[PDB]
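S.K.: Dumping the structure here so I can ask a few things about it.
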Ligand SMILES: Nc1ncnc2c1ncn2[C@@H]1O[C@H](CSCC[C@H](N)C(=O)O)[C@@H](O)[C@H]1O
């Protein structure tokens, strides 16, 4: 066993100490931990780098257990900063990076609703998946991405109706208590706001992402799903 490898005994001990996992943990064909009741990272990374082939410095928001972070880091020559709001999730992600020897990744605790994004430097693109519907002011998160980058890969839900919605900063919003079924995926505020489709596209435009490419969309009168690439000047 190469000197760069963590001992399997220690992989086992630490993976157990880190339970419960959200997406589980497997390494060398050994399933150490199972995930919870609630895209494949390699496929997401492929789509991300189809959109941003020249990217060498990436910001990932809401890194969870580091699965996308690791997939994005496979290519040498690209460095990733992953931000995660829940310390318990971050500790998992840090363990994953250590087990895999992913030295081109940095992980940091951060609350995207309060962080000063101007402290982070510049990125070729921002990955923002599974996060926009966990914040109070989603338009502001999009503005923060634009402060540091000209590209965003955004995967989010939006709300399929405009009827009866509230209005904040001119956007139509569904304002609800944060009750996402996976507790370890929840936002850091008691509440969240979802956007209707028009307000999501307006918020992208108003942040500066004036060119929007839709990669995937599933519509309903209620929960909708979308993946878009936003590009700013
Ligand atoms: N305000 C906030 N600041 C930073 N991270 C947050 C946050 N609100 C939620 N998160 C984190 O964002 C993640 C949401 S689940 C999405 C995980 C991953 N991006 C994916 O697409 O599969 C969780 O790890 C959660 O703890």
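In the entry's author numbering, the protein residues as written are -4 to 33, 39 to 233. Just so it is clear, CB atoms sit at the ideal spot from N, CA and C, and this is done for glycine as well.
Which residue comes first and which comes last in the beta strand (DSSP E) that contains residue 192?
M.R.: 191 to 195
S.K.: With a 10 Å radius around its C-beta and 16 neighbouring C-beta atoms as the bar for buried, classify residue 179 as buried or exposed.
M.R.: exposed
S.K.: Please state whether the Cβ-Cβ distance between residue 211 and residue 186 is less than 8 Å.
M.R.: Note that the C-beta distance between residue 211 and residue 186 is not below 8 Å.
S.K.: Go ahead and pull the three-state DSSP assignment for residue 119.
M.R.: DSSP places residue 119 in helix when its eight states are reduced to three.
S.K.: Using 8 Å as the Cβ pair cut-off and three pairs as the minimum, do the stretch 95 to 112 and the stretch 159 to 179 touch?
M.R.: With the cut-off at 8 Å, the stretch 95 to 112 and the stretch 159 to 179 do not touch.
S.K.: Using a Cβ-based criterion (distance less than 7 Å to any ligand heavy atom), does residue 42 qualify as near ligand 1?
M.R.: Checking every heavy atom of ligand 1 against the Cβ of residue 42, none is found closer than 7 Å.
S.K.: Would a C-beta distance cut-off of 8 Å place residue 68 and residue 44 closer than the cut-off?
M.R.: yes
S.K.: Give me the Cβ distance between residue 59 and residue 148, rounded to the nearest whole Å; I'm assuming they're in contact under 8 Å.
M.R.: Rounded, the Cβ-Cβ distance is 6 Å, consistent with contact.
S.K.: According to DSSP, is residue 95 part of a helix, a strand, or is it coil?
M.R.: If DSSP states are grouped into helix, strand and coil, residue 95 belongs with the helices.
S.K.: So residue 49 is in the alpha helix (DSSP H); what residue range does that whole segment cover?
M.R.: Here the alpha helix (DSSP H) through residue 49 covers 41 to 51.
S.K.: Can you tell me whether residue 104 sits near ligand 1, meaning its C-beta is under 7 Å from at least one heavy atom of the ligand?
M.R.: no
S.K.: Counting pairs of beta carbons, one from the stretch 149 to 161 and one from the stretch 217 to 227, are three or more of them closer than 8 Å?
M.R.: yes
S.K.: Quick one: what's got a C-beta closer than 6 Å to residue 150's C-beta in the same chain, skipping five residues either side?
M.R.: 232
S.K.: So the alpha helix (DSSP H) residue 144 belongs to, where does it begin and stop?
M.R.: 138 to 148
S.K.: For ligand 1, any of its heavy atoms closer than 7 Å to the Cβ of residue 89?
M.R.: yes
S.K.: Who does residue 230 pair with in a DSSP beta bridge?
M.R.: 152, 212
S.K.: Measure the alpha-carbon distance for residue 217 versus residue 196 and round it to whole angstroms.
M.R.: The alpha-carbon separation between residue 217 and residue 196 amounts to approximately 14 Å.
S.K.: Go to residue 70, then tell me how far its alpha helix (DSSP H) extends in each direction, as first and last residue.
M.R.: In the DSSP assignment, residue 70 falls within the alpha helix (DSSP H) that extends over 67 to 72.
S.K.: In chain order, what residues of the same chain lie with their CB nearer than 8 Å to the CB of residue 130, ignoring the 5 residues before and after it?
M.R.: 62, 64, 155, 156, 185
S.K.: For residue 86, which of helix, strand or coil comes out of DSSP?
M.R.: coil
S.K.: Based on DSSP bridge pairs, tell me the residues matched to residue 157.
M.R.: 225
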